[PDB]
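Have a look at the structure below before the remarks.
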């Protein structure tokens, strides 16, 4: 409603940059701290993982750098980037192309 994350999917692997970038837009009336995390440890390097975003449509750009491939076979969770802002969370799935 008051904020959003683009794109809606992060693509790594064959044909892709080793680097993906997220854009987080804050349309609340006040400046907001965000935290950007991954639901699988030691899978990506997120930079910066915390920053402030200006209100009224300000935005921050966040690098996501894949460190290893996910192991669905080793029953890791389906990998997600999670952005947290105010009391809310938006998840962005990660795909690795073979």
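Numbering (the UniProt record's numbering), first residue to last: 1049 to 1146. Think of the CB as a built atom: it goes at the ideal place given N, C-alpha and C, for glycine as much as any other residue.
### Query
For residue 1095, which residues of its own chain have a beta-carbon under 6 Å away from its beta-carbon, when the five flanking residues on both sides are left out?
1111
### Query
Between the C-alpha atoms of residue 1098 and residue 1106, what's the straight-line distance to the nearest angstrom?
15 Å
### Message
For the ligand MG, I want to know if residue 1062 counts as a neighbour, meaning its beta carbon is within less than 8 Å of at least one of the ligand's heavy atoms.
### Response
Questions concerning the ligand MG fall outside what the structure shown contains, since it holds no ligand whatsoever.
#### Entry: Simplified DSSP state of residue 1121, which is helix, strand or coil
coil
#### Entry: In DSSP terms, what residue 1144 is bridged to
1060
### Query
For residue 1120, which of 1050, 1078 and 1143 has the nearest alpha-carbon?
1143
### residue 1137 in three-state terms, based on DSSP
strand
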